[PDB]
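Next comes just one chain, in structure tokens: the form deposited in one PDB entry.
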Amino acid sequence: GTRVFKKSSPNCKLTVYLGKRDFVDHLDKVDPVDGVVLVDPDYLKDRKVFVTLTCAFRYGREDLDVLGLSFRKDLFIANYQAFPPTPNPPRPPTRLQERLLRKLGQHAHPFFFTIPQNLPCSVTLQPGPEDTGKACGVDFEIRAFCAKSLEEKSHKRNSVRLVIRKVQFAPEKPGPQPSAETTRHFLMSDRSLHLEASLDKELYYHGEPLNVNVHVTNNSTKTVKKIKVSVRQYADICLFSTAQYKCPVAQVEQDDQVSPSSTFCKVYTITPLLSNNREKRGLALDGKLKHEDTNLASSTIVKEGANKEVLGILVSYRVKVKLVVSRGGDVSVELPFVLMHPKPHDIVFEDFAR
């Protein structure tokens, strides 16, 4: 029937419940965080129970893990008092939040957070060989613990740490096909090898294929040995260690040759999937690599209202159409496109940690 997510403190005393692991950014706004929390025996009566929602840029290891953490920027923190409750604010507990409130104790209390759109989206990198940089990325952590006030905490033992995803969704806007790409190469004379390509649309979702349309007008004297069609990711760190991963995440090729004084045309179907990549290399994900539900990081959006450095990493995509050339020298074009997170997509407790 219905599915709900739980993680409980190491001591098992405190537990958190939630309807969504992933929260969508709609540009316009963001799914809300509507959860509940359960601290059974008396903790501490004198001691209040809190919930924290933090969003930070980390560089050096992952996981806001102290050891190796070279740099960290807070981008947003929220608290508010679960128990006791508080006059605040839009308290109307989602239907789910209600059914949950009676399935459990009288000491299950609601809790909610509302997250600004302008914030970056969950994203994660970890360099290859290496590429000298350390790992980094943006995180959305939810902490939940007790203590008499906020300026006193406790190592995880009596708290609960868990991390949510903010995935970026965006609508298919009408408009021109990913600007075709034109280009002429004169290789030694006045006779041109002309290349021309296009995409069916400007925006794609995770899974969606793309249909690269390619037209070659080869009046040249050389020969096109092959035609390699790929998708490249471009990820630029904007905090602390400026750096720039470029990397193909999909790659198609056939036995396609084009003769001098010929003409050739064809449509390639290409699909960019994190799942089709063995080596992460310096790739930009939307969550931990090990997790099945992880995808290539979504294009980062034109940027709403906060802007700047403060997006941490800066993911972006391109199709590349390249013509390998016999007597040498290779002709190409690049078509930029945006890749968003899909959304044309009896309570049962399922373990939160993926």
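In case it trips you up, residue 1 is the first one in the sequence shown, and so on.
Only in words, not in the display: the form deposited with a small molecule bound, which the text now covers.
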property: Candidate from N276, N79, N211, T221 lying within 4.5 Å of the small molecule in the entry with it bound - any heavy atom; result: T221
property: Contact residue in the entry with it bound, from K322, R61, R47, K288 (heavy atom within 4.5 Å of the small molecule); result: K322
property: Residues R95, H194 and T263 all lining the small molecule in the entry with it bound, heavy atom within 4.5 Å; result: no
property: Close approach of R327 to the small molecule in the entry with it bound, 4.5 Å, heavy atom; result: yes
property: 4.5 angstroms heavy atom contact with the small molecule in the entry with it bound for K225; result: no
property: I270, heavy atom within 4.5 angstroms of the small molecule in the entry with it bound; result: no
property: The small molecule contact at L187 in the entry with it bound, heavy atom, 4.5 Å; result: yes
property: Region of this chain that lies against the small molecule in the entry with it bound, out of 79-87, 169-177, 98-106, 121-129 [heavy atom, 4.5 Å]; result: 98-106
